[PDB]
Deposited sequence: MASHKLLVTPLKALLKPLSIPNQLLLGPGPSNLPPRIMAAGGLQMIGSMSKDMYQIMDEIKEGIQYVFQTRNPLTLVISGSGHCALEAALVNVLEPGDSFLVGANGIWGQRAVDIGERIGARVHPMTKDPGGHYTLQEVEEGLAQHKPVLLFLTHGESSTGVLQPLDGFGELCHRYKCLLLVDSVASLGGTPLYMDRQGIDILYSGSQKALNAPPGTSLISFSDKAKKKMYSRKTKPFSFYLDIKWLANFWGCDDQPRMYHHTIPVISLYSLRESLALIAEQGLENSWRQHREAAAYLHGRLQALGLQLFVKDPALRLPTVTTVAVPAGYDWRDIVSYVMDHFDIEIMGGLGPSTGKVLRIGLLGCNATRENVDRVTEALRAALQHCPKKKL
């Protein structure tokens, strides 16, 4: 156990892939804060402000809006096991297919708003069967309006555009979804993710809060500070900085002779950009170059987009033109130095 008895040493990395993203000082300082009681009045009050914050960022007043004690995948699978009683795009459609398979004019349609695996900003208008929108990658960096756009179920992640640490996720349900869930003949296959249990604890029904599980208090400090941060900036201020940074990055990226994988600049998700791989180049070599020489994290592909693309993230405090300069200079070095057939 010699390795475990050395002190923890974490290297400095600038994180500019699809996530997770570098944290700002307020959220880090929150992560370092002391514990409080996981059934105290003050935890409940912090949780009620988090509820307000979800209602702001999703643009809803659904009484049933809460935190999922797990990653974005967890908010999705919770949606599925709560709403199912036994369409594909990039990687997230495939994950919805595996979870749907695992359980058993369809009752529910899933759409990826921000396809971080393919870089595409799915159009949303009109599509409002219940509608499930994955906003893990989209939220905060692009317009999304739950109750205006007629979404039934909207879920998002903690660690993308909010720049909280990964491990909590955000979800909200329409009154339609809530009737589907609160009129099931079958119990969902999971206890951890049962919505009547999660709903009772998060204060969304008429009963006082019962013990279900122990919520992640410190992650909730960091998420509360994240939601206070995006609320102070403003939804449209964030949307604007993300569109401007995505335009600037596209500009420099084509300016180096690289080809943005999705043609229409209107169908490009600002938070995650996809870039086709320059011919006669090992994409692994180029990612390796960016980390090895500039401390900068860029991604390859994921699922279908694997081997076809590099992926770039512009998430909250990281969606800066200074970071776009650093990533451009790093890929410039990588193109001129990684061996070319």
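(request) Could you name the stretches of the deposited sequence that have no C-alpha atoms in this structure? (result) In the chain as deposited, 1-10, 97-102, 121-146, 171-177, 391-392 carry no coordinates.
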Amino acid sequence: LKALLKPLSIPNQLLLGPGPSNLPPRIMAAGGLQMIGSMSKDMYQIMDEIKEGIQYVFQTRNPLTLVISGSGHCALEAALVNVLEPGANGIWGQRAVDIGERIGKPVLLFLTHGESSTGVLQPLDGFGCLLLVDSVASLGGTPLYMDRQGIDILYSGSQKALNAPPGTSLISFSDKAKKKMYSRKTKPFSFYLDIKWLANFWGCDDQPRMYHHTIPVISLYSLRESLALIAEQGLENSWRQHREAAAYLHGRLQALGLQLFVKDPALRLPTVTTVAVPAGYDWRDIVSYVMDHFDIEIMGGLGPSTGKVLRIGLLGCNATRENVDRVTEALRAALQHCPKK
From here on, numbers count along this sequence of modelled residues.
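(request) Could you check which stretch, 205-213 or 232-240, carries the larger mean CA temperature factor in the entry? (result) Of 232-240 and 205-213, the stretch with the higher C-alpha B-factor average is 232-240.
(request) Check the entry's C-alpha temperature factors for 168-176 and 256-264, then say which stretch has the higher mean. (result) That would be 256-264.
(message) Among 136, 227, 107, 154, where is the Cα B factor highest in this entry?
(response) The C-alpha B-factor peaks, among 136, 227, 107, 154, at 107.
(request) By the entry's C-alpha temperature factors, tell me which of 39, 67, 275, 27 sits highest. (result) That would be 275.
(message) Quick check on the deposited entry: does the C-alpha B-factor of residue 189 sit in the lowest, middle or highest third of its chain?
(response) Highest third - that is where residue 189 ends up once the chain's C-alpha B-factors are sorted.
(request) Would you please rank residue 197 by its C-alpha temperature factor against the other modelled residues of its chain and give the third it falls in: lowest, middle or highest? (result) CA B-factor rank for residue 197: middle third.
(message) Test of reading the entry: by CA B factor among the chain's modelled residues, which third contains residue 289?
(response) Lowest third, going by the recorded CA B-factors of the chain.
(request) Sorting the chain's modelled residues by C-alpha B-factor, tell me whether residue 300 ends up in the lowest, middle or highest third. (result) Middle third.
(request) Grab the CA temperature factor for residue 45 from the record and place it in the lowest, middle or highest third of its chain. (result) Lowest third, going by the recorded CA B-factors of the chain.
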